[PDB]
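Engineer: Below you will find the structure I want to go over with you.
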Ligand SMILES: O=[N+]([O-])c1cccc(-c2cc(Cc3ccncc3)cc3cccnc23)c1
Ligand SMILES: [Mg+2]
Ligand SMILES: [Zn+2]
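In the UniProt record's numbering, the protein residues as written are 380 to 714.
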């Protein structure tokens, strides 16, 4: 074998070429997971941080960043089919694309950008692949600690920040206390808003925002106060989290297979424990296609429609894709 010396390996080259689509909706995220040796979150976060010059801006040592990223990625569960490091990388990358929408040019500070991306990276870390309700009903220690209230989402935040304390992991070591307090508050506000129980209120407020919407010649959005800025950042990451149906069908179905696998597993555990089987978790009584059409009509389309308005016309193709995917699942309901 010939030692490599200063030139990319061929796999690393194939990976680098795939990462050329980091700014595009529909990145081959599963290919990247494989090509990186199951390091999609590390490699995608690193690319995005370099692209946005965040290492220089926040004086983040490169070895510290990579060590933290690997450590964070190591705390997503390989055995969990959907809420794993690939989902995390996908939400990071989707948020990264949404941040660069023309309607949002020059709106956000570098610290706000850092908050949205870091929030996306950590938002599901240490997910056990079961719901808050399952954790509550079993009297889990986690549910006890967090008083049955946004149990997992509190946990995701606690773990994401806690991991900064591991050896050479404090990527925020050079931020001032003011910078850290601000970042921290934003990240917390964003991740706690990913609790699906908060969706309706979150959407309600986004609608209210679109109504009173203000722009400036060129048509870029105007956002004066923390309340408006964080609202947009919350809904942005929430859209990224619910972005699977807006991706090309080939990607969307892979996400659907994975979440169903994860749900059915929870249902098998509920059944064997003699518990009521949670909605959509019963593999003996599933209607996958009906359920996706319902997911889209009642949750995903309403959200994205409202986002497309806020940033009109930036999100038109994303919305078109969503509607094509809705039609595909509709036509697949076996009747
Ligand atoms: O009938 N449905 O609405 C329905 C049925 C089956 C799957 C879903 C669904 C929920 C969530 C987000 C989520 C994750 C965990 N708990 C709640 C929501 C993400 C998904 C991603 C891809 C496909 N289905 C998804 C929705
Ligand atoms: Mg979550
Ligand atoms: Zn998520």
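Here a beta-carbon is modelled for each residue, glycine too, at the ideal position from N, C-alpha and C.
1. Taking 7 Å as the cut-off, does the CB of residue 573 come closer than this to any heavy atom belonging to ligand 3?
2. Could you have a look at residue 443 and say whether DSSP puts it in helix, strand or coil?
3. Between residue 429 and residue 683, what straight-line distance do the alpha-carbon atoms span, to the nearest angstrom?
4. Could you spell out where the alpha helix (DSSP H) holding residue 631 opens and where it closes?
5. Short of 6 Å in beta carbon distance, which residues of its chain neighbour residue 626, apart from the five on each side in sequence? Order them along the chain.
6. At which residues does the alpha helix (DSSP H) containing residue 686 begin and terminate?
7. Going by other Cβ atoms of all chains shown within 10 Å of its Cβ, with 16 needed for buried, is residue 504 buried or exposed?
8. What are the boundary residues of the alpha helix (DSSP H) that residue 591 is part of?
9. Is any heavy atom in ligand 2 found nearer than 7 Å to the beta carbon of residue 581?
10. Would you kindly check if the distance between the Cβ of residue 568 and the Cβ of residue 613 is under 8 Å?
11. To the nearest angstrom, how far is it from the Cα of residue 694 to the Cα of residue 471?
12. Might you give, ordered along the chain, the residues of its own chain that have their beta carbon closer than 8 Å to the beta carbon of residue 674, omitting 5 neighbours on each side?
13. Between which residues of its own chain and residue 445 is the CB-CB distance below 8 Å, once the five residues before and five after are set aside?
14. Can you tell which of 633, 577, 564 and 631 has its C-alpha closest to the C-alpha of residue 606?
15. Please tell me whether, using a cut-off of 7 Å, the distance from the CB of residue 503 to the nearest non-hydrogen atom of ligand 2 is below it.
16. I need the straight-line Cα distance from residue 464 to residue 456, nearest angstrom please.
17. Going by DSSP in three states, residue 493 sits in which element: helix, strand or coil?
18. Going residue by residue through the stretch 527-555, where are the continuous beta strand (DSSP E) segments of at least 3 residues, counting only ones entirely within it?
19. Taking 8 Å as the limit between beta carbons, can you name the residues of its chain near residue 701, skipping five residues before and five after?
20. Return the chain-ordered list of same chain residues with a C-beta closer than 7 Å to the C-beta of residue 618, the five sequence neighbours on each side being excluded.
21. Can you tell me whether residue 653 is buried or exposed? The criterion is at least 16 other CB atoms within 10 Å of its CB, across all chains shown.
22. Tell me, which residues are paired with residue 599 by DSSP?
23. Closest by CA to residue 657, which one among 668, 669, 671 and 641?
24. Under three-state DSSP, which class holds residue 505?
25. For the pair the stretch 437-453 and the stretch 547-567, tell me if three or more CB-CB distances fall below 8 Å.
26. Taking all protein chains shown into account, decide if residue 588 is buried (16 or more other Cβ within 10 angstroms of its Cβ) or exposed.
27. Name the residue from 497, 603 and 491 whose alpha carbon lies nearest to the alpha carbon of residue 452.
28. So which of 532, 492, 520 and 529 has the shortest CA-CA distance to residue 558?
29. What would DSSP say about residue 460, mapped onto helix, strand or coil?
30. The alpha helix (DSSP H) that contains residue 483, what's its start and end?
31. Apart from the five residues just before and just after residue 608, which ones in its own chain have a Cβ nearer than 6 Å to its Cβ?
32. Quick check on residue 509: buried or exposed, where buried means 16 or more other Cβ atoms within 10 Å of its Cβ?
Structural biologist: Judging by the given coordinates:
1. yes
2. helix
3. 29 Å
4. 628-651
5. 405
6. 680-689
7. buried
8. Unbroken run through residue 591: none, as it is neither H nor E.
9. no
10. yes
11. 18 Å
12. 624
13. 421 and 425
14. 564
15. yes
16. 7 Å
17. helix
18. none
19. 624, 625, 675, 679, 680 and 683
20. 477, 682, 683 and 686
21. exposed
22. 595
23. 641
24. coil
25. yes
26. buried
27. 497
28. 492
29. coil
30. Neither: residue 483 is in no alpha helix (DSSP H) and is coded neither H nor E.
31. 602
32. buried
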